[PDB]
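**Q** Okay, structure incoming, though there's no sequence with it:
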DNA sequence: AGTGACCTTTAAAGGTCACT
DNA sequence: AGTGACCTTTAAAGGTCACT
Ligand SMILES: [Zn+2]
Ligand SMILES: [Zn+2]
Ligand SMILES: [Zn+2]
Ligand SMILES: [Zn+2]
């Protein structure tokens, strides 16, 4: 299951077995180089029910569990689907 | 282009860019743990035309170009299709 | 604008069988 | 029994768009 939020997970995404929602979130965050601010103490619990309630803490736990930014495509590799040789 | 025989090659197989024929040859050789003997000096040229005329020299150069035996599935992984998680 | 269930696209695995 | 053109299956990458 998903290491950052607990939802159901079929395979690994950007280094960690993740939910479909946390694949999309982590992917859009890095492409847009988004930057967030947590309205509370950076201790927001990130489970399936509270997942969207803080984008900072949800990205913070993304980096903590070990999702790697470099996997989302950048420079030459942007746009191509599937595995890269 | 296929590194062992020169035929056309679409992708990489067991570590080296190879044709379908040399993918199949290399895979069954290792599964059957086959062992060959070269009817001549072990210098037999392996191109597309003479490709099947000596299975030792074609296997000899197969390991030389650098395809690795471990990729074909053994023990736990025998029988399973596709990429491994 | 952001979300995420759903989809296509890849590299590369093995399985198949007319032909030899 | 051996070959190899062809097929299906894997994980995992991006793209979509009704819903919010
Ligand atoms: Zn998730
Ligand atoms: Zn927070
Ligand atoms: Zn070849
Ligand atoms: Zn020979």
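**A** Sure thing, it's come through. Numbers count the residues shown, from 1 in each chain, chains lettered A, B, ... in the order given. Ligands and ions are numbered 1, 2, ... in the order given.
**Q** The residue positioned nearest the centre of chain A: which element?
**A** Centroid check for chain A by C-alpha atoms, centre = their mean gives residue A:26 as the closest residue, at 2.7 Å. For residue A:26, the enclosing helix or strand under DSSP states H and E is helix A:20-31.
**Q** Tell me if I'm right that the residue nearest to the centre of chain A and residue A:13 touch.
**A** Yes - applying C-beta atoms under 8 Å, one finds residue A:26 in contact with residue A:13, separated by 7.4 Å. From N, CA and C alone the C-beta is placed, and that goes for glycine too.
**Q** Now for the two: what residues contact both?
**A** Counting by C-beta atoms under 8 Å, 6 or more residues apart in numbering or on different chains, the contacts common to residue A:26 and residue A:13 are residue A:67.
**Q** close to DNA strand D, is the helix holding residue A:26?
**A** Yes - applying C-beta under 7 Å from any atom of the strand, one finds that helix A:20-31 is in contact with DNA strand D at A:23, A:24, A:27.
**Q** and the residue nearest to residue A:55 when sequence neighbours are not counted, which of the three is it?
**A** Excluding its sequence neighbours, the residue lying closest to residue A:55 (C-beta to C-beta, 6 or more residues apart in numbering or on different chains) is residue A:36, at 4.5 Å. Taking DSSP: H, G, I helix; E, B strand; the rest coil as the rule, one finds residue A:36 in the coil state.
**Q** Distance of the residue of chain A found nearest ligand 4 relative to residue A:79?
**A** Proximity of chain A to ligand 4 (C-beta to the ion) peaks at residue A:85, 31.3 Å away. Residue A:85 sits 16 Å away from residue A:79, going by C-beta to C-beta, to the nearest Å.
**Q** I appreciate the help and will end here.
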